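The next block holds one structure in the form of structure tokens; read it before the comments.
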Amino acid sequence: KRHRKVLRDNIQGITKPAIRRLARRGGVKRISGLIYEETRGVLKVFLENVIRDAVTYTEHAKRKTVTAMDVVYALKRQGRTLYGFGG
Amino acid sequence: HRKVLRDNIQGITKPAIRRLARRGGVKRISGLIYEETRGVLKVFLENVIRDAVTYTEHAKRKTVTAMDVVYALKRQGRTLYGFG
Amino acid sequence: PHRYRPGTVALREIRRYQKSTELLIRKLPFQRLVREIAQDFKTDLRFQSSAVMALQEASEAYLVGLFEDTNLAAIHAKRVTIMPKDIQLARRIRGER
Amino acid sequence: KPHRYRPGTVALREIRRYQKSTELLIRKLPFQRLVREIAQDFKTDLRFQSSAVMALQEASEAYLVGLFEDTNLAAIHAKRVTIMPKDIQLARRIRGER
Amino acid sequence: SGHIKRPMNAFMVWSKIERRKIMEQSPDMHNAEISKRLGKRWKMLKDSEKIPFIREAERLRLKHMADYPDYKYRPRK
Amino acid sequence: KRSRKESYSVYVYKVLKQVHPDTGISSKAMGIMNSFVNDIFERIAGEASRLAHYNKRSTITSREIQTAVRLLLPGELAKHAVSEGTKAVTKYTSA
Amino acid sequence: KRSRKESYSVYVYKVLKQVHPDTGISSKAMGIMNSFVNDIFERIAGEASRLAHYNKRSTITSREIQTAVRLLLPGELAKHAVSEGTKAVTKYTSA
Amino acid sequence: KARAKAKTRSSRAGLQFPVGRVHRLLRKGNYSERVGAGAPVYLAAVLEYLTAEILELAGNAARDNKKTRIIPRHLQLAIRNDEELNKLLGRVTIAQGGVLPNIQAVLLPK
Amino acid sequence: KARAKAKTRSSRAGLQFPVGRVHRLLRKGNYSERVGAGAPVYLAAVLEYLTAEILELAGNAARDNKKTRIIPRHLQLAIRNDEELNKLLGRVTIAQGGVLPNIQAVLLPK
DNA sequence: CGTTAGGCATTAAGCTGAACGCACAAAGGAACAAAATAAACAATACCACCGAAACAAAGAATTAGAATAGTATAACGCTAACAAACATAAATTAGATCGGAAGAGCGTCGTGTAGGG
DNA sequence: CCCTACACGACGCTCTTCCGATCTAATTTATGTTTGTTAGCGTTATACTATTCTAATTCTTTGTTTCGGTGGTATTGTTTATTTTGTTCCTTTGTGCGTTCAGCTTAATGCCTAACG
């Protein structure tokens, strides 16, 4: 089949070589086989907390689109400010 | 007022730090924790007190009051309560 | 007949990825995942490309800080690999929960 | 020969007593002396109230108890019970200051 | 799968044949570069040279409308 | 003449014997509650300020502070707050 | 008509060929530098705002922003900044 | 001349917080130029509920320790025991409130 | 009527930042009612030095990698290698800047 | 000595034409990715043993509350005065819109390197 | 000791993208009031420190004792280096719908006077 098993693992689209890339940026040598789903839990909690803020921003401003500067404001909410987009 | 205060870093005592760790849920204490705790406390109090000094030097005072220490802890993200 | 001892190419992977600076996640899985998550709040929520790209950038920066933290935690723990105990330790000491 | 308890029961008793307590731990006069002796290095001849040094005592208390709770959470991870300077260095590294 | 595809535009009408020509004439050449060069060529092409493809695209659009009248188009995930 | 230093303490007392007509409170917790109210007011008004600055609107309305308490308050507390807030401005606009 | 979206980019270019008359810069780092300038300006002006609110003064002066950069900037950077800032307002007040 | 009877806006909302105080407090608070009419109403509502809720759990903790005076220790257990609002008050520590009682599950003896 | 020659305040300070822009930017920036005359002068001075300094180390990093275009990778090594200003920029991460090279001293092989 | 009732500049609330964003069609490989095998080494189970730290009496500065002397210092009330706010051009200038040029990607050679017998 | 699979300089093509020139709304900056915050000076009262008295208290000190830390040896199992197939994902212009924007009209609205707890 095109998709293995029952699929529906959009978060499992961030595959184990990709998490291996993110880990090898982070200066780790060996990775245990029980890192990936917990890293995915970090993905869930971080993206929920940012996307909730950004959708609150764009829902107050009567707009159906999410602007990158609203994402920068939502990351300025949590001390998580990035650069390169304006501010 | 005719004195320059020096050598009070060990004014805090070893069993007081032990009691601090007893509040902190810590069980056993090695003999090296005390100097490091004194250094950590000294640099933390150095930072907050330096903030309160430049606070008081802005507002044309000669003494330090409590609300400036509240503003120092508010600027450092360590906001305390019960002092206005 | 040229099977390497495990770890030398790991050092080489460390050097190539720390020397490199581009994005590390394929953009379409992250796009579909963000499209999945954002529909749970409200419907018909499109994004700019800079929005999604920014989200991938912030997520990757948060993850690389987290994994540097957990690797330092693991090496304090006298081990040379990471475990989810190190993950929840770094999520505790940094104060997230 | 007086009876001595096994080491830890006295420790656990004072854990429950001191975490149950509400009063200030660090003695007020050496704390006052340390605050004045480190305050004189920026702008000398500085006076404080009772309220400022009391709030400073509370801030120091909160920061130290958080530091030691996180240090104990570090030291439990190493399958250890005591604390070490490497534990405090790990704690101040994960906090983001050192 | 049941999804109804878009009609080919004029670029598509020209790009399909020319991409087939480039693959036949110049093999072992990666397809992305071929698409970049076809884009460049189409941008260099004079307007007058493009009338058969334009008209062809329009005819395909008419046939699409006749064959798929409910195509108002509503893309869904 | 003399500096008059105000707080919310009578309203703390009033909401105290509103919810619990039996218990008292020290001067310690009264000052704690006063710093509580002014810190939450500061954070809410500053968030509403930057939201008005982003949406190019020169005012603060009920919508702006509603977005602000939707932003700051985590979870069910925000839902409770927005429900009673709409209740309160319907009370205020009814008269 | 159309929204005009401004930045500081020409002044980034000007200080660039001030310090280094040889090197260029991508559009990436130009936007980075623009967010850098507006974020540091936001933090400095907000700190000066709350300092004016505490000292019961309705204005912002050079003293207020001097206290603000004394507060935010850690270390020798603050000392360098206050020295050149006093230099700059002596230049401005000389004319 | 003769004005009408002075009805306050706190009476206009069934409210126990001063509307005019927070109205001028926003007005001199330098957050925007104009201020909407119902926005201090909304503000006073959410502040009343926030502290009203704090009071409800604090008094239950204080009566739970059989004392009728509110102690900052009771405040500490109220804001640290309930996790719904602890996330708002993570970086804020109560003076003279101590640490909520806790113990590591491994440090019990065998 | 005939005004004098338009001398800007940036020319009045030997300055490369727009004084009038930050003057109105404080004026509409809603921080206080009145604004002092030399406070945008002070502001423009410290912003010019902050970025001027960033430029000095960034260009040294970029020439140090033998390229004459400024790359956000060079920005990342400039703001992470020097510790004097890293403490200002702890919670701020550069987009497309990567992570500064750093390897654990124990993970070298024997 | 603090809060509330009337009168208009000024600001958003709809409202419609118009510019902008984004998905998505064919065509291909190709970078990527999932799975399977030694292997090896690193986490781990556990033992010795040891010295470094808990328990606890005996004294030892020392805080701990209280006056109190005095005393530099927040914390006032009028000014006035200097500095900013509010009209009013003009003129620079910052930014939008087209042009070239060189700076860096692609790669490819050979070179040096530093890892499995 | 051995040789030998992957990172770097010289150079040429290549394309792209960023530096240079030019026109034009706009907004920045000299005048000239009004007005209104705040240095500055007299005052004052006030809260903070120095000093000294009981006292109590808790820190140190000198031991016992005991148990966790650490080094060491099996051990095993679990991840890696590598191949071997799956597999999804890069690029381009034109078409269609959805959304946002900006000018425009118009209705709310709160800045600024005058009286009750």
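The alpha carbon convex hull volume per residue for the range B:2-84 rounds to 137 Å³.
Measuring nothing but how far apart in sequence close Cα pairs (under 8 Å, 6+ apart) lie, relative to its length, chain I scores a relative contact order of 16 percent.
Taking the axis that rotates chain H onto chain I, the chain H residue nearest to it by Cβ, with the distance rounded to whole Å, is H:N30, 3. Here the Karplus relation 6.51 cos²θ - 1.76 cosθ + 1.60, evaluated at θ = phi - 60°, turns the backbone of the range E:41-54 into coupling constants of 4, 4, 5, 7, 4, 5, 4, 4, 4, 8, 4, x, 5, 3 Hz, with x for every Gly and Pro. Counting Cβ atoms of other protein chains within 10 Å of each Cβ in I:76-86 and taking the mean gives 1.
Ranking of D:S51, D:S60, F:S3 by neighbouring Cβ atoms within 10 Å, starting from the fewest: F:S3, D:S51, D:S60. For I:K28, the label point sits 7 Å beyond Cα toward Cβ; its separations from the matching points on the remaining copies run 2.8 nm, from shortest to longest. Going Cα to Cα from A:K76, which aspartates and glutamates come in below 13 Å? Please leave out same-chain ones fewer than 8 positions away. Straight-line reach from A:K76, under 13 Å: A:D53, F:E47, G:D39, G:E42.
With runs of 4+ DSSP H residues as the only contributors, calculate the mean residue ellipticity of chain D at 222 nm using -39,500 (n - 2.57) per run, divided by the residue total and rounded to the nearest 500.
Numbers: 4 runs with 63 residues, N = 98.
For chain D, the value works out to -21000 deg cm²/dmol.
Directionally averaged projected area (chain D, Cα convex hull): 9.8 nm².
At a Förster radius of 56 Å, what calculated FRET efficiency corresponds to the Cβ-Cβ distance of E:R74 and I:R91, to the nearest 0.05? The value I calculate is 0.80. With the highest mean first, a sort of the peptides E:25-37, H:95-107, B:15-27 on other beta-carbon atoms found within 10 angstrom per residue produces B:15-27, H:95-107, E:25-37. Ranking C:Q31, C:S49, C:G7 by how far each Cα lies toward the positive end of the dipole of the range C:3-58 (charges on Cβ) leaves C:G7 at the top.
Calculate how steeply helix G:9-19 sits against the longest principal axis of the alpha-carbon atoms of chain G, using the helix alpha-carbon long axis, and give the answer as 0 to 90 degrees to the nearest 10. Roughly 90 degrees, rounded to the nearest 10. Label-to-label distances for I:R63 across copies, nearest first, come out at 7.6 nm, using points 7 Å from Cα in the beta-carbon direction. In the assembly of identical copies, G:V19 has its label point, taken 7 Å from Cα in the direction of the beta carbon, separated from the corresponding points by 5.4 nm (ascending, one decimal). Ranked for footprinting exposure by Cβ neighbours inside 10 Å, fewest first, G:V69, H:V92, A:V72 give H:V92, G:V69, A:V72.
Taking a cut-off of 28 Å between Cα atoms, list the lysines near C:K85, but don't count ones fewer than 8 places away on the same chain. Candidates past the 8-residue exclusion: A:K16, A:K29, A:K44, B:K27, D:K79, D:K86, H:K87, H:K110, I:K110. How far is the Cα center of the range C:74-97 from the Cα center of the range F:51-85, in Å? Here the answer is 37 Å between Cα centres.
Average partner chain C-beta neighbours within 10 Å, per residue of B:35-42?
Other-chain Cβ atoms within 10 Å of each residue's Cβ, averaged: 4.
Relative to the longest principal axis of the Cα atoms of chain F, helix F:27-54 runs at roughly 10 degrees. Put simply, the amide H of H:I70, placed in the peptide plane, has neighbours under 5 Å in F:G24, F:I25, F:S26, leaving out anything fewer than 5 places away on its chain. The value of relative contact order for chain D, using C-alpha pairs under 8 Å at least six residues apart, is 17 percent.
On the beta carbon distance between G:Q18 and F:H80, with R0 = 45 Å, the FRET formula returns roughly 0.20.
Applying both filters, DSSP loop and at most 16 other Cβ atoms within 10 Å, to the GluC sites (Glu not before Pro) of the range G:1-83 gives G:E6.
Ignoring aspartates and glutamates fewer than eight residues from B:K14 along the same chain, the ones with Cα atoms less than 14 angstrom from its Cα are B:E35, B:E36. Number of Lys-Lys pairs in chain G with C-alpha atoms under 22 Å apart and a separation of 8 or more places or on different chains: 8.
In a reduced charge model with +1 at each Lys and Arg Cβ and -1 at each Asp and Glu Cβ, chain C shows a dipole moment near 460 debye about its Cα centre.
Sort E:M12, D:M54, E:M44 so that the residue with the fewest other Cβ atoms within 10 Å of its own Cβ comes first and the one with the most comes last.
Lowest count first: E:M44, E:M12, D:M54.
Using a cutoff of 8 angstrom between alpha carbon atoms and counting only pairs six or more residues apart, the relative contact order for chain F works out to 17 percent. Coupling constants for the range G:72-85 follow from the phi torsions by the Karplus curve (6.51 cos²θ - 1.76 cosθ + 1.60, θ = phi - 60°), and in residue order they are 7, 6, x, x, 3, 4, 5, 5, 4, 5, 6, 5, 6, x Hz; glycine and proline get x.
As a convention, Cβ positions derive from the backbone with ideal geometry for all residues, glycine included, and neighbour counts pool all protein chains shown. FYI, it's all coordinate maths here, none of it is from the lab.
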